[PDB]
Amino acid sequence: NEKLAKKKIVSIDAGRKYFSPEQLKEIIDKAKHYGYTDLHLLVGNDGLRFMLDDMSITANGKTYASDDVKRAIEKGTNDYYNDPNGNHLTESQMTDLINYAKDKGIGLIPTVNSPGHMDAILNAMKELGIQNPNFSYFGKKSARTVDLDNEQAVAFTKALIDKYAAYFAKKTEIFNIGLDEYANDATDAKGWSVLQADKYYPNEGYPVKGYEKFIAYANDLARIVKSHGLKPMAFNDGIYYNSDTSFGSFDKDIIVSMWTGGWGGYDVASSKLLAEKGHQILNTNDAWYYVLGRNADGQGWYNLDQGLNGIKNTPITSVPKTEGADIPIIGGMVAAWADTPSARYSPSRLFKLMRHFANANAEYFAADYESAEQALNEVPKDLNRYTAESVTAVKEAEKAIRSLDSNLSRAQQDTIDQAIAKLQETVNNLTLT
Ligand SMILES: CC(=O)N[C@H]1/C(=N/O)O[C@H](CO)[C@@H](O)[C@@H]1O
Ligand SMILES: CC(=O)N[C@H]1/C(=N/O)O[C@H](CO)[C@@H](O)[C@@H]1O
Ligand SMILES: [Mg+2]
Ligand SMILES: [Mg+2]
């Protein structure tokens, strides 16, 4: 029961790349079928591909008009990637999508990423007329990351997150504020080091109070999200980067999506340290990542074969960087990404990844009762014209299906399937008096 109670989530990068309501519905269908609990839909991730009906934003002592914010975001997204399939989901489409998922017992968790992976928002701010929103590192400007010294750019971004969080209030549980990979383009993936550097290496031109300002920013977004009754979530890499607790403390109410154990020269906090600090953890192990278009061995990092191997070899309970500690989890999340958003989206490949994650951790995933429900619906309603003996058999087989534990896992699917087969057999054996 502890296993089935955890979240099982599929994540889809619909920030970089357009996904239609139809495509997303198909993903929800498969998520439900395979025993998942939630769809994690990035809508702000480099591109920004979700537009509310009212996008007016009040910040910087004015209001930026809804139609101007919309045009600025559409344009800004296209400058990142002008997807021939579409630009953004509308509010009507999102509301319907959330309802469609809810009716299948699937939750939706959105991400609108900042202060990194926000290319489109930075573009949109410039189109509105806000100056120099981008972070720069010794003359190299980030296309993805806002400068936390820029009060006007920061105020706008916070007000945009508030606007989205207000929409998602009461229709979702968790809002992912992201926070991953600060200035990864401008700093060669050393952005957290750069933000912390001035404290330890002063008078060398590193950003003054960089990391301290990042903690304040993260905590302000957390406050914003919490005000709407949503649980804030964020990726782990910048949270106590280098295990450094001396700059300040992160809001404990931020759920940590633990996706990386770090790499050479990129020393992230262990999941042990994060749990000890009082954060709940969603295991988002990059062992299971799939980047669209990288479809076989040799086709690059996070290719489909690598992800399928990661799923086979790294269970849902194996969290990045545990230090050998027992790390509790709220659930696990397998993620598909669109780093090259011109890549073809292949539903079958995504569904293979999803199916493998479910099968490899089958005790955690809900069983499928849909065919059992259908089988019961197909039983002839009136049995009077059949022999007592053949009728009793059908009634007992029906009882057997209705008696199944309603909380079986995917590991126990055969119990359900055998019960369906028995009912079908007894119905075919009904004999006219
Ligand atoms: C908003 C919406 O379309 N809801 C439908 C639905 N959402 O998943 O599928 C159910 C069947 O599974 C239908 O009974 C619901 O009417
Ligand atoms: C939290 C996270 O996963 N961040 C990035 C990532 N960094 O290595 O890997 C993915 C796959 O390349 C990218 O799509 C993500 O934007
Ligand atoms: Mg650009
Ligand atoms: Mg009926």
Side-chain angles (χ1 to χ4, degrees), residues 1-12 36-42 45 107-111 113 116-117 172-182 192 214-215 218-219 221-223 225-226 230-245 248-263 266-289 307 310-311 313-337 357-358 360-361 363-365:
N1 284 137
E2 289 158 304
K3 292 180 189 180
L4 282 161
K6 300 196 176 334
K7 292 197 160 299
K8 285 75 54 164
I9 310 181
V10 55
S11 177
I12 300 296
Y36 287 75
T37 59
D38 297 274
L39 167 63
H40 176 267
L41 184 64
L42 296 99
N45 189 231
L108 186 147
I109 302 171
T111 299
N113 215 333
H117 291 291
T172 55
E173 300 177 322
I174 298 163
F175 185 108
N176 188 343
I177 57 171
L179 309 184
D180 58 315
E181 297 187 319
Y182 191 87
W192 302 122
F214 168 75
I215 298 177
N219 284 347
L221 291 187
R223 179 190 59 74
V225 169
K226 287 156 70 179
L230 299 168
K231 295 194 201 70
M233 180 160 74
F235 292 122
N236 67 282
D237 53 302
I239 310 181
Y240 304 114
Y241 180 85
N242 196 36
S243 304
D244 198 324
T245 61
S249 297
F250 290 87
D251 189 322
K252 306 188 171 74
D253 295 307
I254 299 169
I255 301 172
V256 174
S257 173
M258 193 85 189
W259 71 277
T260 188
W263 52 86
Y266 199 83
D267 303 302
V268 305
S270 61
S271 57
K272 183 186 191 294
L273 173 173
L274 299 179
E276 288 172 351
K277 288 299 223 165
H279 298 274
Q280 297 293 107
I281 295 168
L282 177 69
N283 186 6
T284 307
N285 206 313
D286 73 331
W288 314 316
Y289 274 14
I311 287 166
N313 292 304
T314 297
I316 197 168
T317 46
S318 182
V319 179
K321 201 173 181 169
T322 67
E323 290 190 67
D326 294 318
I327 306 304
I329 57 164
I330 70 171
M333 176 157 82
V334 55
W337 298 102
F357 186 58
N361 300 289
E363 288 181 330
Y364 287 79
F365 283 75

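Heavy atoms only: backbone and side chains are in, while hydrogens, waters and symmetry mates are out. Positions are given from 1 along the sequence.
In terms of heavy atoms, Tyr266 sits closest to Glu181 at OH-CA, 4.0 Å. For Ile254 against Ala222, the heavy-atom pair with the smallest separation is CG1-CB, 3.8 Å. Scanning both residues, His117 and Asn113, for their nearest heavy atoms gives CB-ND2, 3.5 Å.
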Apply side chain to side chain contact (heavy atoms under 4.5 Å, CB included) to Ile255 and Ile330, showing your working. CA-CA 9 Å; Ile255 301 172; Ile330 70 171; 3.8 Å; yes
One pair to check against side chain to side chain contact (heavy atoms under 4.5 Å, CB included): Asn236 and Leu274. What are the steps and the verdict? CA-CA 9 Å; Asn236 67 282; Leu274 299 179; 4.1 Å; yes
Side chain to side chain contact (heavy atoms under 4.5 Å, CB included) assessment of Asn219 paired with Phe250: CA-CA 6 Å; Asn219 284 347; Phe250 290 87; 4.3 Å; yes
Under the side chain to side chain contact (heavy atoms under 4.5 Å, CB included) rule, what do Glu173 and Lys7 come out as? Steps first, then yes or no, please. CA-CA 12 Å; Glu173 300 177 322; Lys7 292 197 160 299; 3.0 Å; yes
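Rounded to the nearest 0.5 angstrom, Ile215 CD1 and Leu179 CG are separated by 11.5 Å. Separating the CG atom in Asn176 from the CG atom in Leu42 is a distance of 6.5 Å, to the nearest 0.5 Å.
By the side-chain contact (heavy atoms from CB on, under 4.5 Å) test, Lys6 pairs with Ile329, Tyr364, sequence neighbours left out. Under the side chain to side chain donor-acceptor pair (under 3.5 Å) criterion, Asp267 pairs with no residue at all, not counting sequence neighbours. Residues meeting the side-chain contact (heavy atoms from CB on, under 4.5 Å) test with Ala336, sequence neighbours left out: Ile12, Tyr290, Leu292, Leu350. With sequence neighbours excluded, the residues forming a side-chain contact (heavy atoms from CB on, under 4.5 Å) with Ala335 are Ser11, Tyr289, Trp337, listed by chain and number.
Applying the side chain to side chain donor-acceptor pair (under 3.5 Å) test to every pair with at least one member in residues 250-262, sequence neighbours left out, gives these pairs: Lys226-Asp251, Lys226-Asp253, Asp237-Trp259, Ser257-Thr284.
A distance below 6.0 Å separates the ring centres of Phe357 and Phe365. Here the two rings, on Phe214 and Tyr241, have centers that are 6.0 Å apart or farther.
Two residues are said to be in side-chain contact when any heavy atoms from C-beta on lie closer than 4.5 Å; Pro110 and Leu41 fail this criterion. Proximity of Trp288 to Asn313: side-chain heavy atoms (C-beta onward) are nowhere separated by under 4.5 Å. Between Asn283 and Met333 there is no side-chain heavy-atom pair separated by less than 4.5 Å. Proximity of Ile9 to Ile109: side-chain heavy atoms (C-beta onward) are separated by under 4.5 Å at one or more points. You'll find the side chain of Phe175 stays beyond 4.5 Å of the side chain of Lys231, heavy atoms only. A heavy-atom distance below 4.5 Å is not found between the side chains of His279 and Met258.
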Could you pull out every donor-acceptor pair under 3.5 Å between side chains of residues 315-325 and any protein atom, sequence neighbours left out?
residue: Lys321; atom: NZ; partner: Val268; partner atom: O; Å: 2.8
residue: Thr322; atom: OG1; partner: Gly324; partner atom: N; Å: 3.0
residue: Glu323; atom: OE2; partner: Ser270; partner atom: OG; Å: 2.6

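The backbone N or O of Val334 sits nowhere less than 3.5 Å from a side-chain atom of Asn285 that would complete a donor-acceptor pair.
Checked options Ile174, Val256, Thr111, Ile177; the residue passing with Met233 is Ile174 (criterion: side-chain contact (heavy atoms from CB on, under 4.5 Å)).
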